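Asker: Right, I'll just put the structure down here and ask away after.
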Amino acid sequence: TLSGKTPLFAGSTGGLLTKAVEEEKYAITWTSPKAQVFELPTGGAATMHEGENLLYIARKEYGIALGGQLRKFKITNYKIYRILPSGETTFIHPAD
Amino acid sequence: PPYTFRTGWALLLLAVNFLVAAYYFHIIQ
Amino acid sequence: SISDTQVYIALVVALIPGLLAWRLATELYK
Amino acid sequence: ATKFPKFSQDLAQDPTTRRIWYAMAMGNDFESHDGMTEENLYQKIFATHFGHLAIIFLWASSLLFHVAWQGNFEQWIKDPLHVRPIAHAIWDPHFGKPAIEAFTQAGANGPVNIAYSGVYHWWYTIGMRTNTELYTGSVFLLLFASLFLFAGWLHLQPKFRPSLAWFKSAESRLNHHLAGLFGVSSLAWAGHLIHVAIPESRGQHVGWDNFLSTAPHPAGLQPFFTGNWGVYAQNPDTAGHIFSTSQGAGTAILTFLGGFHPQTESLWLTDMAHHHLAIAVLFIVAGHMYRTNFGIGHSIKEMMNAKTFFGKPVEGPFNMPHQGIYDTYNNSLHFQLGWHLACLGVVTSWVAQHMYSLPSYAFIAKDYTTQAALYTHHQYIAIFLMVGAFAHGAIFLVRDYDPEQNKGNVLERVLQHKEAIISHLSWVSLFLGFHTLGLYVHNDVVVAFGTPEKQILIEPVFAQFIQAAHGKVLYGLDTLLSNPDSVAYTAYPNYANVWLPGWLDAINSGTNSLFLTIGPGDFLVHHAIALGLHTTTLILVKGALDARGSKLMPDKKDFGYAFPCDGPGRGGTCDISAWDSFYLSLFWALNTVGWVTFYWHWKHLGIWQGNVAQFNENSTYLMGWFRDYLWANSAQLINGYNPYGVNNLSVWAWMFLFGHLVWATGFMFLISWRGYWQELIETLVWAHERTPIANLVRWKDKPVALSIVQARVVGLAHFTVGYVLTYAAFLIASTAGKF
Amino acid sequence: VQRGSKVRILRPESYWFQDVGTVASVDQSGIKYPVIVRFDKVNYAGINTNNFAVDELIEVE
Amino acid sequence: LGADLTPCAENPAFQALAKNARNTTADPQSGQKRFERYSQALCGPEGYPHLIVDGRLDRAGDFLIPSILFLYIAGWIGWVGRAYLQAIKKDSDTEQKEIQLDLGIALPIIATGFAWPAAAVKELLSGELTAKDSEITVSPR
Amino acid sequence: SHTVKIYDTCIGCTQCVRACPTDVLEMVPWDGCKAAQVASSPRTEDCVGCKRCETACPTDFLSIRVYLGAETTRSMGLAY
Amino acid sequence: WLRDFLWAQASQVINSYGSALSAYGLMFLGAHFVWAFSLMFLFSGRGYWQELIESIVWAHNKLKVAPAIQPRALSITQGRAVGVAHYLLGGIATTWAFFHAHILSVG
Amino acid sequence: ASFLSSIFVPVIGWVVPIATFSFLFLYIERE
Ligand code: CLA
Ligand code: CLA
Ligand code: CLA
Ligand code: CLA
Ligand code: CLA
Ligand SMILES: CC1=C(C/C=C(\C)CCC[C@H](C)CCC[C@H](C)CCCC(C)C)C(=O)c2ccccc2C1=O
Ligand SMILES: CC1=C(C/C=C(\C)CCC[C@H](C)CCC[C@H](C)CCCC(C)C)C(=O)c2ccccc2C1=O
Ligand code: SF4
Ligand code: SF4
């Protein structure tokens with residue numbers, strides 16, 4: 001499974017769409033040193049937890065654009081999965 | 001080289017340019 | 001102008017290329 | 001994952017709406033279809049060419065049928081100089097009662113459209129007199145177009161389907177098409193004039209019933225075989241010949257007067273009969289030149305690959321390497337298509353240049369709006385045929401061109417010095433533009449300051465000469481057929497200038513468009529035309545020659561003909577492809593033909609109204625173009641509908657505004673580009689999945705914005721349609737409202 | 001060649017085709033294009049150095 | 001003659017424009033002295049001088065005289081600008097001297113080049129005017 | 001998807017791998033160049049045609065090239 | 001709006017030659033020019049014009065007038081900025097010269 | 001027989017595009 005905490009924001013209109021039910025859906029996990037404010041690629045500001053986090057994103061482009069934003073927080077542990085609607089979770093980032 | 005075949009036809013065409021001007025300058029009638 | 005009869009001959013004769021245009025445009029593929 | 005489009009699996013696996021649009025612009029592109037082989041290509045193009053050929057005869061039959069059934073052709077015979085022709089009739093339910101009364105015109109029962117295409121003048125010239133011949137020729141073209149629709153179906157069936165070597169037999173097309181398609185058809189039309197049209201020109205009916213009984217000449221084909229051909233040029237139609245009557249008639253069928261008929265102000269029908277007869281002999285002789293299966297004639301592949309001029313070794317014909325050009329023309333279809341559009345594009349404008357000055361149709365020089373439309377029509381047709389010549393010539397260099405087969409020849413040597421071609425083309429475009437715009441603005445400031453004598457006015461003394469070297473006394477140059485002591489005037493050994501007494505009567509009258517009087521206003525516009533031809537050629541040649549790569553982007557051949565860019569890298573590459581140099585040129589090509597048709601139209605509005613002094617004073621500075629032509633002539637047009645009522649110009653007043661709107665719409669696709677619009681559609685995709693009742697329905701194809709190459713097509717389409725419809729509503733109604 | 005030798009370029013896809021360069025360093029084993037040539041004018045990318053093969057160059061000094 | 005060109009001194013249309021002269025400069029007779037010099041030109045039916053770019057030596061003041069006067073100047077604009085770009089190529093900066101003019105080098109180039117027809121033939125006949133085509137960058141064909 | 005061709009002229013600069021935002025590119029060891037690694041594109045079904053990878057490559061002319069091909073959902077950049 | 005405003009009120013701006021409103025006649029035409037000139041920057045792209053300069057730098061390389069500062073086409077953002085500055089200049093100056101010559105005559 | 005305009009023009013105005021578009025929409029959206 002994935003088993004991560006969800007960051008603190010009041011919901012967006014970006015979020016996830018019908019593709020997350022139909023074609024595929026991605027998800028990025030990172031283990032944070034502390035709680036602080038970062039940005040969502042969906043739009044707006046949020047607040048990460050301490051320890052393992054989780055953000056269900058729409059495309060793979062979002063998680064690597066987010067992972068560059070996490071690199072200036074000394075967070076180089078982010079791992080994107082590919083969650084198919086049949087339940088098939090595929091580890092895609094990194095390659096190993 | 002002295003380009004004989006190029007300058008041979010350029011001087012032929014320029015002789016046509018000068019012949020029509022002779023009609024326009026009334027040199028030949 | 002031309003008579004009212006002659007217009008209907010022109011319409012019936014025009015079905016002959018109208019049939020053949022449908023045969024050519026479907027022999028050239030879908 | 002659909003099965004549309006059939007011709008592409010890469011497009012049919014597209015979830016977006018890009019699948020729909022790229023089916024349309026790749027459908028007739030037969031060369032990029034899936035699995036298309038070489039011999040299957042030619043066999044499909046050949047049967048498609050029967051499809052476009054049969055559209056033309058079905059088109060030309062509706063011109064005959066809608067005139068025979070809804071026009072006033074038989075009422076137009078009685079007086080062609082005042083009876084105003086009729087194209088078709090209007091059935092528009094949306095009309096109001098003052099807009100049925102305004103279009104009930106030309107002596108008709110219902111609303112009719114006044115024909116401004118001049119097809120009554122062409123049918124009246126070639127012998128047709130009543131509404132039954134128009135209907136008979138209409139029904140014949142229904143059968144003659146179905147004879148080609150069946151022929152294209154027949155030549156797709158497997159043992160009736162031609163092989164590959166039949167298409168690449170180029171010496172046998174040139175013998176059959178020159179002798180038969182060009183020569184016999186010119187011979188047949190000379191048979192139509194002599195048997196039918198010239199006797200119909202003399203009040204003597206010759207139809208299908210009595211053409212086998214009646215002879216065109218009372219001599220009757222006995223002076224043909226005996227060699228006494230001068231009997232055919234006996235007593236012609238005199239100078240008092242009233243057309244289609246027996247007054248002042250003649251018996252001659254092949255005559256060589258030259259000049260114009262004195263009433264209709266058209267060419268003599270006996271001159272056209274000896275013309276198309278002489279053209280026919282020159283082409284049947286020309287069609288017996290090339291080598292076919294009869295072991296005789298010239299061979300083009302041996303004419304290209306020849307290296308020896310009478311023992312002297314050379315590089316080829318004219319000592320120029322033309323080897324491999326036979327395998328370059330004939331193997332490629334874009335080299336052929338790019339070539340023949342240049343050939344057809346030259347002659348199309350050449351048609352238009354010789355039909356206002358040399359009218360060949362009865363009473364067409366006095367029906368003004370039909371003559372102003374036929375010039376501007378075949379000029380814009382000649383524009384696209386020349387832009388597509390360079391366009392399909394540049395598809396050749398990307399796709400079909402092979403430098404190894406074409407190594408060392410003349411087409412390879414152009415690609416070496418291509419930076420010298422584009423530089424000297426860039427020079428003349430700037431050398432003309434810096435000094436032609438400079439002299440209009442010089443004349444604009446000088447007239448504005450109230451001292452108009454300081455204008456820089458140049459007489460066109462090099463085209464003054466040619467009109468006087470063709471026989472115009474009006475300038476007093478006194479040379480070369482205007483000098484009556486000249487060797488060219490007298491034809492000194494033989495004295496056989498038969499055409500010349502009739503030519504000098506036509507050119508020395510001020511009542512026709514034959515070699516119009518030119519002045520300093522005509523100097524600046526021909527150099528403005530030369531600005532437009534060398535600049536449109538600059539864009540097209542540079543896109544043709546740089547189509548295979550250059551410094552900013554090598555290997556452009558790997559990306560095909562139409563690709564958007566190569567990114568923002570290297571400073572950016574927006575509009576870099578060879579398609580994009582097609583694209584920029586059609587703004588210039590529409591521009592230049594604006595200049596050649598604003599200048600055509602306003603010189604003739606002085607001739608048709610008797611005011612030649614308005615053009616010659618005011619066409620030297622750019623306010624007189626703007627005021628006395630654009631501003632002053634659009635007063636009849638724009639008052640087509642006002643709060644007082646309507647008249648018959650209200651379509652052209654509506655189409656004029658319609659053209660200004662399609663033109664302005666096309667700017668939206670060109671100033672604004674794609675990435676603004678994909679970020680706008682992604683908010684409409686959001687607010688459709690959230691609306692509670694309207695999300696019962698949902699798209700099958702995901703909505704995406706138009707691609708980069710696509711809205712340069714769609715942007716140029718709204719631009720070009722609006723450019724055409726605006727001027728075509730101004731050309732007609734400013735002329736058909738003044739006469 | 002050697003550090004300071006003016007060479008010329010024959011690679012057609014290169015920007016400095018038929019232009020005069022200056023060899024900055026030559027490597028020993030790998031890459032197949034082991035010659036660093038410090039050019040004097042810049043390409044569209046803004047750089048002025050590139051790697052070239054041994055047989056690619058024409059020495060002019 | 002010419003043609004459609006009577007002389008301006010014979011035209012009643014030109015003399016009608018003579019009676020309503022507008023003064024160019026604050027000179028009160030600048031409208032009048034303008035037309036005594038335009039009397040030798042060829043005014044057509046309108047009363048405006050039409051120039052003759054033919055090469056006729058009685059109409060040499062139209063285009064023959066200003067063409068010689070122009071081509072001496074505009075070639076000298078480009079000859080000086082050519083000789084300065086040859087000079088600053090052999091310097092240390094070579095791009096400072098392009099936007100920020102080396103005035104101590106530029107002014108000897110400007111004052112020298114007035115005999116450029118005596119100059120520009122000497123580079124031509126010695127072949128120093130042009131460059132070898134094996135030394136200029138070209139596009140891939 | 002698109003097509004990412006990597007020629008043998010690059011130097012292992014790792015500027016193209018650190019610029020492709022869908023992480024198509026990765027470095028594999030290769031005894032040719034001085035840095036002893038070449039860029040490789042094993043995941044070209046994720047490439048969105050961005051041409052950030054062509055912008056960041058030093059070598060003249062470019063060792064990496066993106067050929068724009070058939071456009072599926074992952075290469076159109078559609079969140080829907 | 002076309003008949004009674006743009007066509008009918010422009011009869012004082014284009015008929016103003018030989019009078020004191022001559023400059024508004026010249027700025028009316030001169031601003032129609034600069035407006036139309038701006039479309040060369042808006043419609044076309046940068047990558048065409050960089051290719052064209054490469055064929056003009058060649059003829060400048062041949063006669064040894066090669067500039068040390070290399071010519072480049074205007075950038076993608078600048079070609080948009082030039083095309084909107086020349087657009088707004090010629091479109092407003094048309095109206096500037098149209099409002100004046102109409103209202104300095106009927107007022 | 002000018003009444004044929006009342007029966008060909010509404011068919012080409014209304015019936016011909018409705019029959020064409022409803023064929024093409026079901027043909028392009030056909031797996
Ligand atoms: C004598 C025999 C003969 C004849 C009559 C033709 C005739 C034709 N062939 Mg052809 N062909 C022949 C033998 C012949 N071929 C042989 C032996 C081969 C094999 C080696 C071929 C191989 C071949 C191919 C592969 C193709 C043709 C095509 C064509 C058509 C040309 C297009 C067209 O209609 O233009 C008509 C042109 C004219 C009538 C002359 C126009 C002259 C200029 C342009 C205008 C002059 C008109 C003048 C100004 C006045 C006009 C004014 C008036 C309209 C008001 C035409 C029907 C093409 C086609 O469309 O297929 C159907 C095609 O693709 N042919
Ligand atoms: C007889 C001449 C001829 C022939 C056989 C061809 C044939 C071809 N051309 Mg070519 N071309 C021609 C003339 C010709 N062209 C001319 C005259 C030009 C200059 C304008 C061009 C410019 C040109 C370009 C630039 C390209 C081609 C391409 C092609 C190929 C595919 C065509 C295609 O995809 O159609 C698809 C058809 C369309 C998309 C039609 C859309 C445009 C229509 C006409 C707009 C009409 C507007 C509207 C209906 C007006 C309504 C008015 C109302 C509002 C009042 C095909 C080999 C393309 C290719 O890739 O070659 C392999 C290509 O890139 N041609
Ligand atoms: C009186 C007003 C006037 C004005 C304002 C201009 C303005 C201009 N002219 Mg023009 N010209 C005029 C009168 C005028 N001309 C007359 C009366 C003639 C007839 C002799 C010419 C002939 C002429 C030519 C032949 C050329 C110009 C060019 C130019 C432009 C650049 C000139 C320059 O010095 O660039 C600075 C100079 C250089 C960068 C290099 C020198 C190039 C010069 C102009 C050519 C001389 C070389 C050689 C001796 C002659 C070449 C052969 C020639 C006979 C074909 C500029 C817009 C040039 C142009 O259009 O370029 C696009 C150009 O080539 N003009
Ligand atoms: C040193 C000055 C100089 C010289 C000698 C030349 C010479 C040449 N140019 Mg070039 N050019 C120059 C500057 C120069 N150029 C500049 C600054 C530009 C940018 C505006 C251009 C833009 C240009 C184009 C677009 C074209 C040429 C072309 C040409 C050739 C034909 C002449 C012509 O058309 O003039 C063209 C002249 C102009 C377009 C305007 C002239 C530029 C200014 C007014 C003159 C420069 C004077 C200089 C700044 C003075 C510096 C003095 C120094 C001591 C500080 C010829 C090789 C043409 C060609 O390739 O033909 C084969 C061509 O198409 N050039
Ligand atoms: C392409 C040629 C063409 C065109 C554009 C027109 C145009 C017109 N016709 Mg006409 N017509 C033509 C040929 C043509 N006709 C022929 C050959 C006949 C004889 C059968 C007729 C018989 C006819 C009648 C009896 C009537 C019209 C009417 C009309 C008008 C309204 C449109 C309509 O209802 O169509 C009517 C269409 C038909 C009756 C059948 C069409 C016949 C042609 C051959 C089909 C052509 C299809 C075309 C080639 C397909 C390509 C599509 C293209 C977009 C790719 C309009 C002026 C009506 C009218 O005048 O209203 C005031 C009317 O009552 N037409
Ligand atoms: C308006 C616009 C859009 C959005 C427009 C879209 C997506 C289409 C708008 C038109 C809709 C689809 C209706 C089409 C109706 C047409 C008037 C006629 C259609 C009939 C033909 C297709 C036969 C872009 O995506 C775009 C992209 C790049 C450059 C410029 C533009 C651009 O200008
Ligand atoms: C013309 C044009 C160019 C080329 C235009 C350039 C390079 C600007 C050159 C114009 C100025 C006037 C040249 C000035 C050169 C010298 C600095 C001036 C010499 C004279 C001095 C006395 C000032 C582009 O690069 C471009 C890019 C993208 C979209 C549209 C376009 C576009 O329209
Ligand atoms: S392709 Fe470019 S980024 Fe990748 S290794 Fe080669 S030079 Fe470096
Ligand atoms: S397509 Fe280009 S920008 Fe996008 S990931 Fe691949 S290499 Fe990087």
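Here, A, B, ... name the chains of the structure tokens in the order displayed, residue numbers run from 1 inside each chain, and ligands are numbered from 1 in the same displayed order.
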If the limit is 8 Å from any atom of ligand 9, counting only C-alpha atoms and all ligand atoms, which residues qualify? Return them as a list in words.

Answerer: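 Based on only C-alpha atoms and all ligand atoms, ligand 9 is surrounded within 8 Å by residues 2, 3, 4, 16, 17, 19, 20, 21, 22, 23, 24, 25, 41, 44, 46, 47, 48, 49, 50, 51, 52, 53, 54, 64, 65 and 66 of chain G.
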
Asker: For N, CA, C and O atoms, I'd like the residues from the last selection saved as an mmCIF file, in the first residue's frame.

Answerer:
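Saved as result.cif:
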data_model
loop_
_atom_site.group_PDB
_atom_site.id
_atom_site.type_symbol
_atom_site.label_atom_id
_atom_site.label_comp_id
_atom_site.auth_asym_id
_atom_site.auth_seq_id
_atom_site.Cartn_x
_atom_site.Cartn_y
_atom_site.Cartn_z
ATOM 1 N N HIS G 2 6.126 10.480 -28.364
ATOM 2 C CA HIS G 2 7.162 11.150 -29.125
ATOM 3 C C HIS G 2 8.371 10.227 -29.241
ATOM 4 O O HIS G 2 8.344 9.074 -28.811
ATOM 5 N N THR G 3 9.450 10.734 -29.828
ATOM 6 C CA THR G 3 10.636 9.931 -30.095
ATOM 7 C C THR G 3 11.865 10.719 -29.682
ATOM 8 O O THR G 3 12.102 11.812 -30.202
ATOM 9 N N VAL G 4 12.648 10.166 -28.764
ATOM 10 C CA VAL G 4 13.821 10.843 -28.228
ATOM 11 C C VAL G 4 15.056 10.097 -28.711
ATOM 12 O O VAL G 4 15.359 9.000 -28.231
ATOM 13 N N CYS G 16 20.495 17.511 -19.425
ATOM 14 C CA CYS G 16 19.243 17.131 -20.058
ATOM 15 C C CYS G 16 18.412 16.241 -19.144
ATOM 16 O O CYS G 16 17.179 16.298 -19.176
ATOM 17 N N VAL G 17 19.063 15.426 -18.314
ATOM 18 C CA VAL G 17 18.329 14.594 -17.365
ATOM 19 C C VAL G 17 17.722 15.453 -16.267
ATOM 20 O O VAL G 17 16.585 15.220 -15.839
ATOM 21 N N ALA G 19 16.484 18.319 -16.576
ATOM 22 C CA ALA G 19 15.573 19.288 -17.154
ATOM 23 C C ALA G 19 14.299 18.691 -17.718
ATOM 24 O O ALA G 19 13.323 19.430 -17.865
ATOM 25 N N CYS G 20 14.269 17.408 -18.048
ATOM 26 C CA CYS G 20 13.043 16.801 -18.550
ATOM 27 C C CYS G 20 12.066 16.641 -17.396
ATOM 28 O O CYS G 20 12.359 15.900 -16.449
ATOM 29 N N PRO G 21 10.908 17.301 -17.426
ATOM 30 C CA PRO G 21 10.054 17.330 -16.238
ATOM 31 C C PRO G 21 9.231 16.078 -16.024
ATOM 32 O O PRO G 21 8.662 15.930 -14.943
ATOM 33 N N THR G 22 9.114 15.189 -16.997
ATOM 34 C CA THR G 22 8.447 13.922 -16.740
ATOM 35 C C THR G 22 9.424 12.792 -16.477
ATOM 36 O O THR G 22 8.988 11.640 -16.383
ATOM 37 N N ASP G 23 10.718 13.108 -16.362
ATOM 38 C CA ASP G 23 11.800 12.175 -16.032
ATOM 39 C C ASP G 23 11.852 11.016 -17.029
ATOM 40 O O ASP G 23 11.747 9.842 -16.676
ATOM 41 N N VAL G 24 11.992 11.382 -18.298
ATOM 42 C CA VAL G 24 12.169 10.386 -19.344
ATOM 43 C C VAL G 24 13.617 9.929 -19.392
ATOM 44 O O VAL G 24 13.907 8.751 -19.622
ATOM 45 N N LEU G 25 14.538 10.832 -19.104
ATOM 46 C CA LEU G 25 15.946 10.607 -19.365
ATOM 47 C C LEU G 25 16.646 10.056 -18.133
ATOM 48 O O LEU G 25 16.261 10.338 -16.996
ATOM 49 N N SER G 41 17.081 7.371 -22.938
ATOM 50 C CA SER G 41 15.657 7.678 -22.810
ATOM 51 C C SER G 41 14.841 6.392 -22.807
ATOM 52 O O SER G 41 14.250 6.024 -23.832
ATOM 53 N N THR G 44 10.150 6.861 -23.039
ATOM 54 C CA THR G 44 9.656 7.861 -23.978
ATOM 55 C C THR G 44 8.144 7.846 -24.146
ATOM 56 O O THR G 44 7.624 8.672 -24.898
ATOM 57 N N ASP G 46 6.374 8.643 -21.668
ATOM 58 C CA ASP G 46 6.052 9.732 -20.762
ATOM 59 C C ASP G 46 6.443 11.097 -21.304
ATOM 60 O O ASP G 46 6.141 12.101 -20.654
ATOM 61 N N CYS G 47 7.109 11.164 -22.453
ATOM 62 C CA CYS G 47 7.638 12.436 -22.921
ATOM 63 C C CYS G 47 6.519 13.286 -23.489
ATOM 64 O O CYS G 47 5.672 12.805 -24.244
ATOM 65 N N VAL G 48 6.509 14.555 -23.098
ATOM 66 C CA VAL G 48 5.443 15.475 -23.447
ATOM 67 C C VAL G 48 5.868 16.442 -24.533
ATOM 68 O O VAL G 48 5.153 17.404 -24.802
ATOM 69 N N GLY G 49 7.014 16.214 -25.164
ATOM 70 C CA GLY G 49 7.450 17.077 -26.243
ATOM 71 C C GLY G 49 7.900 18.447 -25.814
ATOM 72 O O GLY G 49 7.900 19.364 -26.631
ATOM 73 N N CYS G 50 8.311 18.599 -24.552
ATOM 74 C CA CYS G 50 8.593 19.910 -23.974
ATOM 75 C C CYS G 50 9.793 20.587 -24.615
ATOM 76 O O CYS G 50 9.840 21.820 -24.673
ATOM 77 N N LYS G 51 10.762 19.792 -25.085
ATOM 78 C CA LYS G 51 12.051 20.246 -25.622
ATOM 79 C C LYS G 51 12.820 21.115 -24.636
ATOM 80 O O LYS G 51 13.580 21.994 -25.034
ATOM 81 N N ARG G 52 12.624 20.877 -23.340
ATOM 82 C CA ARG G 52 13.550 21.392 -22.345
ATOM 83 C C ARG G 52 14.872 20.655 -22.420
ATOM 84 O O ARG G 52 15.917 21.207 -22.063
ATOM 85 N N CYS G 53 14.834 19.401 -22.862
ATOM 86 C CA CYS G 53 16.040 18.592 -22.957
ATOM 87 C C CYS G 53 16.919 19.018 -24.122
ATOM 88 O O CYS G 53 18.143 18.877 -24.061
ATOM 89 N N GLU G 54 16.326 19.551 -25.187
ATOM 90 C CA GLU G 54 17.132 20.085 -26.275
ATOM 91 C C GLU G 54 17.687 21.460 -25.947
ATOM 92 O O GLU G 54 18.727 21.843 -26.485
ATOM 93 N N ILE G 64 20.861 15.338 -28.342
ATOM 94 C CA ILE G 64 19.526 14.840 -28.053
ATOM 95 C C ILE G 64 18.561 15.533 -29.000
ATOM 96 O O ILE G 64 18.777 16.685 -29.391
ATOM 97 N N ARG G 65 17.547 14.809 -29.448
ATOM 98 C CA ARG G 65 16.559 15.384 -30.339
ATOM 99 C C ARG G 65 15.216 14.737 -30.056
ATOM 100 O O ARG G 65 15.133 13.520 -29.875
ATOM 101 N N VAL G 66 14.169 15.551 -30.023
ATOM 102 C CA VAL G 66 12.811 15.083 -29.800
ATOM 103 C C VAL G 66 12.055 15.182 -31.113
ATOM 104 O O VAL G 66 11.870 16.280 -31.647
#

Asker: Would you mind writing down, as a ChimeraX atom specification, each residue of chain E that DSSP on the backbone assigns to strand (DSSP E)?

Answerer: /E:7-9,23-26,35-38,49-52,57-59

Asker: Quick one: residues within 9 Å of stretch 3-14 of chain I, only C-alpha atoms, excluding same-chain residues fewer than 4 positions away - as a PDB file with N, CA, C and O atoms, in the first residue's frame?

Answerer:
ATOM      1  N   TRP D  91     -34.861  32.181 -54.103  1.00  0.00           N
ATOM      2  CA  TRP D  91     -35.939  31.725 -53.237  1.00  0.00           C
ATOM      3  C   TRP D  91     -35.379  31.853 -51.830  1.00  0.00           C
ATOM      4  O   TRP D  91     -34.725  30.937 -51.331  1.00  0.00           O
TER       5      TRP D  91
ATOM      6  N   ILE I  18     -28.644  17.548 -42.007  1.00  0.00           N
ATOM      7  CA  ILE I  18     -29.067  16.682 -40.907  1.00  0.00           C
ATOM      8  C   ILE I  18     -28.764  15.225 -41.224  1.00  0.00           C
ATOM      9  O   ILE I  18     -28.272  14.484 -40.370  1.00  0.00           O
ATOM     10  N   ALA I  19     -28.993  14.805 -42.467  1.00  0.00           N
ATOM     11  CA  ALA I  19     -28.654  13.438 -42.845  1.00  0.00           C
ATOM     12  C   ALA I  19     -27.149  13.227 -42.940  1.00  0.00           C
ATOM     13  O   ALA I  19     -26.666  12.121 -42.682  1.00  0.00           O
TER      14      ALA I  19
END

Asker: Give the residues close to ligand 5, within 10 Å, counting only C-alpha atoms and all ligand atoms; write them as number ranges by chain.

Answerer: C: 7-15, 17-18, 21; D: 51-52, 54-67, 69-70, 87-92, 110-113, 135, 138-139, 141-142, 145; I: 1-13

Asker: Might you pull out every residue within 10 Å of residue C:24, with only C-alpha atoms counted and same-chain residues fewer than 5 positions away left off, and present them as a PyMOL selection string?

Answerer: (chain C and resi 19+29) or (chain D and resi 47-48+50-51+148-154+156)

Asker: Need the shell around residue G:38: protein/DNA/RNA residues with any atom at most 10 Å away, counting only C-alpha atoms. Skip same-chain ones fewer than 3 positions apart. Format as a PDB file with C-alpha atoms, in the first residue's frame?

Answerer:
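Result file result22.pdb:
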ATOM      1  CA  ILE G   6      20.322  10.529 -28.387  1.00  0.00           C
ATOM      2  CA  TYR G   7      23.413  10.651 -30.574  1.00  0.00           C
ATOM      3  CA  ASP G   8      26.943   9.714 -29.563  1.00  0.00           C
ATOM      4  CA  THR G   9      28.299  13.256 -29.335  1.00  0.00           C
ATOM      5  CA  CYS G  10      27.271  14.194 -25.802  1.00  0.00           C
ATOM      6  CA  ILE G  11      29.706  14.476 -22.937  1.00  0.00           C
ATOM      7  CA  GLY G  12      27.630  13.253 -20.009  1.00  0.00           C
ATOM      8  CA  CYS G  13      26.797  16.777 -18.878  1.00  0.00           C
ATOM      9  CA  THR G  14      23.626  15.598 -17.026  1.00  0.00           C
ATOM     10  CA  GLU G  26      18.548   8.787 -17.304  1.00  0.00           C
ATOM     11  CA  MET G  27      22.303   8.294 -17.389  1.00  0.00           C
ATOM     12  CA  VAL G  28      23.812   4.924 -18.254  1.00  0.00           C
ATOM     13  CA  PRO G  29      27.563   4.196 -18.081  1.00  0.00           C
ATOM     14  CA  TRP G  30      29.352   4.301 -21.419  1.00  0.00           C
ATOM     15  CA  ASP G  31      33.127   4.155 -21.903  1.00  0.00           C
ATOM     16  CA  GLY G  32      33.187   6.735 -24.716  1.00  0.00           C
ATOM     17  CA  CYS G  33      33.165  10.258 -23.325  1.00  0.00           C
ATOM     18  CA  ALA G  35      32.590  11.759 -18.000  1.00  0.00           C
ATOM     19  CA  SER G  63      23.133  15.243 -29.187  1.00  0.00           C
TER      20      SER G  63
END

Asker: Which protein, DNA or RNA residues have an atom within 8 Å of ligand 4, counting only C-alpha atoms and all ligand atoms, as a PyMOL selection string?

Answerer: (chain D and resi 420+422-428+430-431) or (chain F and resi 75+77-85+98+101+106-107+109-110) or (chain H and resi 53+55-63+65+67)

Asker: Leaving out stretch 6-17 of chain B and any residue of its chain fewer than 5 positions from it, which residues lie within 12 Å of it when counting only C-alpha atoms, given as a PyMOL selection string?

Answerer: (chain B and resi 1+22-24) or (chain D and resi 318-320)

Asker: Determine, counting only C-alpha atoms, which protein, DNA and RNA residues have an atom within 12 Å of an atom of residue H:9; residues of the same chain fewer than 6 positions away are not included. Present the result as a ChimeraX atom specification.

Answerer: /D:631 /H:1-3,15,95,98-103,105-106
